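Report on the following structure.
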């Protein structure tokens with residue numbers, strides 16, 4: 001029998017809705033390892049950019065990946081391209097040093 005239990009972590013991440021940022025992207029194998037690192041150690045050095053603010057994110061390697069946040073409630077962390085069209089995309093967690101506001105995120109690995 002299935003039994004509901006907590007299987008995700010809570011993180012306080014800086015949210016960027018105001019500033020244009022140029023961010024690094026990675027090959028898919030490296031982003032999968034980076035998502036494991038962040039799930040264990042947190043998101044220092046990262047900001048979350050909501051999907052409605054996607055035009056704020058520049059990148060020199062559009063063929064490579066960033067951290068995507070997918071789904072409602074408990075969101076999944078998955079490698080995504082910045083052009084990801086999924087209607088389930090909440091936003092991106094990208095390396096940046098800009099100002100923002102603090103928000104809570106309930107996350108697990110895809």
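Just so it is clear, none of the values below were taken in a lab; they were calculated from the coordinates. Cβ atoms come from the backbone with ideal geometry, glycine included; neighbour counts cover every protein chain shown.
Among the residues in segment 19-35, are any out of contact with any helix residue (DSSP H, G or I) (no Cβ under 9 Å at 6 or more places or on another chain), within 22 Å of residue 104 (Cβ to Cβ) and assigned to a helix (DSSP H, G or I)? The answer is yes, given that some residue of segment 19-35 is out of contact with any helix residue (DSSP H, G or I) (no Cβ under 9 Å at 6 or more places or on another chain), within 22 Å of residue 104 (Cβ to Cβ) and assigned to a helix (DSSP H, G or I).
Taking residue 28 as the residue in question, decide whether it is closer than 29 Å to residue 5 by Cβ and either in contact with a strand residue (DSSP E or B) (Cβ under 9 Å, 6 or more places away or on another chain) or buried (at least 20 other Cβ atoms within 10 Å of the Cβ) (or both). It is false that residue 28 is closer than 29 Å to residue 5 by Cβ and either in contact with a strand residue (DSSP E or B) (Cβ under 9 Å, 6 or more places away or on another chain) or buried (at least 20 other Cβ atoms within 10 Å of the Cβ) (or both). The set of residues in segment 92-101 that are more than 18 Å from residue 36 (Cα to Cα) and crowded, with 18+ Cβ neighbours inside 10 Å contains only 96. Quick one: is residue 11 surrounded by fewer than 19 Cβ atoms within 10 Å (Cβ to Cβ) and under 12 Å from the mean Cα position of the chain (by Cα)? For residue 11, the condition - surrounded by fewer than 19 Cβ atoms within 10 Å (Cβ to Cβ) and under 12 Å from the mean Cα position of the chain (by Cα) - is met. Taking the criterion of being closer than 13 Å to residue 46 by Cα and either within 10 Å of the chain's Cα centre (by Cα) or assigned to a strand (DSSP E or B) (or both), the residues of segment 74-97 that qualify are 91, 92, 93, 94, 95.
Based on this model, can you work out whether residue 108 counts as assigned to a helix (DSSP H, G or I) and surrounded by fewer than 17 Cβ atoms within 10 Å (Cβ to Cβ)?
no
The residue pairs whose first member lies in segment 5-16 and is on the phi < 0 side of the Ramachandran plot, whose second member is surrounded by 16 or more Cβ atoms within 10 Å (Cβ to Cβ) and assigned to a loop (DSSP other than H, G, I, E, B), and whose beta carbons are closer than 6 Å, counting only pairs six or more residues apart or on different chains, are 11/43; 13/43; 14/100; 15/100; 16/100. Checking each residue in segment 48-66 for being in a loop (DSSP other than H, G, I, E, B) and either surrounded by fewer than 17 Cβ atoms within 10 Å (Cβ to Cβ) or in contact (Cβ under 8 Å) with a residue 60 or more places away in the chain (or both) picks out 60, 61, 62, 63. Please enumerate the residues belonging to segment 67-86 that are within 21 Å of residue 27 (Cβ to Cβ), loosely packed, with under 13 Cβ neighbours inside 10 Å and touching a strand residue (DSSP E or B) at 6+ places or on another chain (Cβ under 8 Å). If the condition is that a residue be within 21 Å of residue 27 (Cβ to Cβ), loosely packed, with under 13 Cβ neighbours inside 10 Å and touching a strand residue (DSSP E or B) at 6+ places or on another chain (Cβ under 8 Å), then 86 is the only one that fits.
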